[PDB]
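Q:
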Amino acid sequence: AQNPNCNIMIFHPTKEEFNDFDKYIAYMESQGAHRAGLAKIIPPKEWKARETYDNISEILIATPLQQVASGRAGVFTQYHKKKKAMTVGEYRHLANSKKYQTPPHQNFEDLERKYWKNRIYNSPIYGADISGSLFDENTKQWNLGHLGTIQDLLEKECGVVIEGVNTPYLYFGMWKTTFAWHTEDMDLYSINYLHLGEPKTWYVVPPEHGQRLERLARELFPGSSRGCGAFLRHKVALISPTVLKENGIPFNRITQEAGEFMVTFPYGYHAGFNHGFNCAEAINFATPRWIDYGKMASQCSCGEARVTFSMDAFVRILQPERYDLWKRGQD
Ligand SMILES: O=C(O)CNC(=O)C(=O)O
Ligand SMILES: [Mg+2]
Ligand code: NI
Ligand SMILES: [Zn+2]
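The entry's author numbering applies: residue 11 is where the sequence shown begins, and numbers increase by one.
What follows is the structure, encoded as structure tokens:
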């Protein structure tokens, strides 16, 4: 069995290997990459996402979110307070202000220590989940707006045509902005490209050990667990590496830099934080190996997680027993 320790693998495709997205994902899996839950892909040196980032300041962040923490430094929840709209140029200036800028630090490890010691004491502002793309339309390889759609994959594998669309989303971050512990909707894959700016640190639990993370989460967040059997779908819970190590949870960590892709694999729980002003683009995708994970994915029926239009069909076809309950939570 390849990659039995479930380490995060890093890939360097050539330009020829970069031409066929599906084939390369299947290659990475042949080497055991999925066992980690996360892989890094460094594009060939001939590739670029677009020519420059000089013309992005007029993008609007309609609903910036202030991420307010509650709990203790290693075990906390965050909620999202809506703020007034601002442009990417206004957000960048805010990110670089003395109130929000990255502190002086020695290296990534020192910054990670500072994040876990100090995150809860501040409320950074995140531009999340903005529908759109920064890939040039003439970028032909690994263009996140031109991938095969999940609805087309379900049709090819299972024969059923379904409604829905699959589009990318932008993320504008600053120091301490945080993505809470989660798997993707319907335990899909994700691909994430860091277009510009400062790094993003990731934590991940191997898919084969996901239930260990869920059990610890129910212990650490006992009221949230009573409220919802799939409360990590709310995307609010943070647990530090130190706490994970104290509780014997298997995980890995890696830092993504500008110009790099990360792939998350079905049922790979992940969390992380931004080092400073940055912009990432992400989208969900599927392969034939996802289908069996999609059939088994948990679902939030409490009302909180409130998702996309296109998840309806996935629940309806893959999880018909759960459909009625899950839809009552959506309405
Ligand atoms: O960058 C983000 O805020 C978080 N990314 C992801 O959850 C992803 O691409 O799977
Ligand atoms: Mg612009
Ligand atoms: Ni994700
Ligand atoms: Zn819920």
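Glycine included, every Cβ here is placed at the ideal spot set by N, Cα and C.
1. Would you grab the beta carbon distance between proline 276 and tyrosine 199 for me? Rounded to a whole angstrom, and I think it's under 8 Å.
2. Locate the alpha helix (DSSP H) running through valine 98, then write down its first and last residues.
3. Within this structure, are the beta carbons of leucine 242 and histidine 192 separated by less than 8 Å?
4. Using the C-alpha atoms, what's the distance from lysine 186 back to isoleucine 140?
5. What first and last residue would you give for the alpha helix (DSSP H) that runs through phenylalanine 324?
6. Using only CA atoms, which one of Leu230, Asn106, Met19 lies nearest to residue 7?
7. From the DSSP output, in three-state form, read off residue 9 for me.
8. Does the structure place the region 100-118 close enough to the region 22-31 that three or more beta carbon pairs sit under 8 Å?
9. Tell whether a beta-carbon distance below 8 Å holds between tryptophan 336 and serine 308.
10. Tell me which same chain residues have a C-beta within less than 8 Å of the C-beta of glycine 282, skipping the five on either side of it?
11. Terminal residues of the continuous alpha helix (DSSP H) containing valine 253?
12. Considering only C-alpha positions, which residue in the set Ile18, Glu208, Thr87 is nearest to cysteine 289?
13. Would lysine 50 be called buried (16 or more neighbouring beta carbons within 10 Å of its own) or exposed?
14. Pair every Cβ in the region 14-29 with every Cβ in the region 52-63, then say whether three or more of these pairs are closer than 8 Å.
15. So what's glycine 158 in DSSP terms, helix, strand or just coil?
16. Enumerated in chain order, which unbroken segments of the beta strand (DSSP E) with a length of 3 residues or greater are wholly contained in the region 237-295?
17. May I ask you to list the residues that DSSP assigns as paired with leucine 180?
18. Near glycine 142, what residues of its chain come up, given a Cβ to Cβ distance below 6 Å and the 5 sequence neighbours on each side ignored?
19. Any idea what DSSP makes of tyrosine 199, helix, strand or coil?
20. Does the region 89-108 come into contact with the region 69-78, if we say contact requires no fewer than three beta-carbon pairs (one atom in each stretch) closer than 8 Å?
21. Give me, in chain order, the residues of the same chain whose beta-carbon lies closer than 6 Å to that of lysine 92; leave out the 5 immediate sequence neighbours on both sides.
22. Over what stretch of residues does the alpha helix (DSSP H) that includes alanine 227 continue unbroken?
23. Between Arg316, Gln329, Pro330, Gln12, which lies nearest to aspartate 341 when the distance is taken from Cα to Cα?
24. Just checking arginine 60 against ligand 4 - is the residue's beta carbon closer than 7 Å to any of the ligand's heavy atoms?
25. Which class does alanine 46 belong to by DSSP, given the choice of helix, strand or coil?
26. Taking its Cβ as the centre, do 16 or more other Cβ atoms sit within 10 Å of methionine 321, making it buried, or is it exposed?
27. Cα separation between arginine 123 and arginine 82?
28. Considering only heavy atoms of ligand 2 and the C-beta of each residue, which residues fall inside 6 Å, strictly closer?
29. Closer than 7 Å: is that where the CB of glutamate 224 sits relative to any heavy atom of ligand 4?
30. Assuming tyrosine 110 is part of the beta strand (DSSP E), what are its boundary residues?
31. Short check: CB of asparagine 148 to CB of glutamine 161, under 8 Å?
32. Please indicate yes or no: does the CB of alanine 307 lie closer than 7 Å to some heavy atom of ligand 4?
A: In short:
1. Working through the sequence shown from its first residue, we reach residue 276 at position 266. Working through the sequence shown from its first residue, we reach residue 199 at position 189. Right, their Cβ atoms sit about 6 Å apart.
2. Numbered from its first residue, the sequence shown carries residue 98 at position 88. First-last of the alpha helix (DSSP H) with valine 98: 98-105.
3. Here the question's residue 242 lines up with position 232 in the sequence shown. Here the question's residue 192 lines up with position 182 in the sequence shown. Contact: yes.
4. For the purposes of this step, residue 140 is taken as the residue at position 130 of the sequence shown. For the purposes of this step, residue 186 is taken as the residue at position 176 of the sequence shown. Near 19 Å, if we compare the C-alpha coordinates of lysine 186 and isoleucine 140.
5. Looking up residue 324 in the sequence shown gives position 314. 321-328 is the span of the alpha helix (DSSP H), which, as asked, contains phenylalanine 324.
6. Outside the displayed span of the chain (11 to 341) sits residue 7, for which this structure offers no information.
7. Nothing in the structure corresponds to residue 9, since the chain is present only between 11 and 341.
8. no
9. On the sequence shown, residue 336 is found 326 positions in, with the first residue counted as 1. On the sequence shown, residue 308 is found 298 positions in, with the first residue counted as 1. In this structure, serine 308 does not lie closer than 8 Å to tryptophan 336 by Cβ.
10. On the sequence shown, position 272 is the one that residue 282 refers to. Counting only Cβ-Cβ distances below 8 Å, and skipping sequence neighbours, we find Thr188, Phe189, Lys210, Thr211, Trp212, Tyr213.
11. By one-based count along the sequence shown, residue 253 stands at place 243. Residues 251-256.
12. Within the sequence shown, numbered from 1, the residue matching residue 289 stands at position 279. That would be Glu208, whose Cα lies nearest to the Cα of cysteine 289.
13. Locating residue 50 in the sequence shown gives position 40, counting from the first residue. Buried, because 16 or more other Cβ atoms sit within 10 Å of the Cβ of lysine 50.
14. yes
15. The sequence position of residue 158 within the sequence shown is 148, counting from 1. In the three-state scheme derived from DSSP, where H, G and I count as helix and E and B as strand, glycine 158 is classed as coil.
16. 247-249, 262-266, 271-274, 280-284, 288-295
17. The residue labelled residue 180 in the question sits at position 170 within the sequence shown. Answer is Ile140, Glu291, bridged to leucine 180.
18. On the sequence shown, position 132 is the one that residue 142 refers to. Cβ within range, chain order: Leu180.
19. One-based indexing of the sequence shown puts residue 199 at position 189. It is a strand residue.
20. yes
21. Taking the sequence shown and counting its residues from 1, one reaches residue 92 at position 82. Correct list, in chain order: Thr73.
22. As a first step, residue 227 is located in the sequence shown; it is residue number 217 there, counting from the start. Start and end: 220-230.
23. The residue given as residue 341 occupies position 331 in the sequence shown. Of all alpha-carbon atoms in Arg316, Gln329, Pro330, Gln12, the one lying nearest the alpha-carbon of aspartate 341 is that of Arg316.
24. If you number the sequence shown from 1, residue 60 lands on position 50. It does not: the Cβ of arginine 60 is nowhere closer than 7 Å to a heavy atom of ligand 4.
25. What you label residue 46 is simply residue 36 of the sequence shown in a count that begins at 1. Residue state, collapsed to three classes: helix.
26. Against the sequence shown, residue 321 aligns to sequence position 311. Answer is buried; the Cβ neighbour count reaches 16.
27. Position 113 of the sequence shown, counting from 1, holds the residue named residue 123. Position 72 of the sequence shown, counting from 1, holds the residue named residue 82. Between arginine 123 and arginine 82, the C-alpha separation is close to 15 Å.
28. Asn65, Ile66, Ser67, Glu68, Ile69
29. In the sequence shown, the residue the question calls residue 224 occupies position 214. No, the beta carbon of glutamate 224 sits no closer than 7 Å to any heavy atom of ligand 4.
30. Along the sequence shown, one-based indexing puts residue 110 at 100. DSSP places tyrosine 110 in no beta strand (DSSP E); its state is neither H nor E.
31. The residue labelled residue 148 in the question sits at position 138 within the sequence shown. The residue labelled residue 161 in the question sits at position 151 within the sequence shown. No, these two residues do not count as a Cβ contact at 8 Å.
32. What you label residue 307 is simply residue 297 of the sequence shown in a count that begins at 1. Result no, Cβ not under 7 Å from ligand 4.
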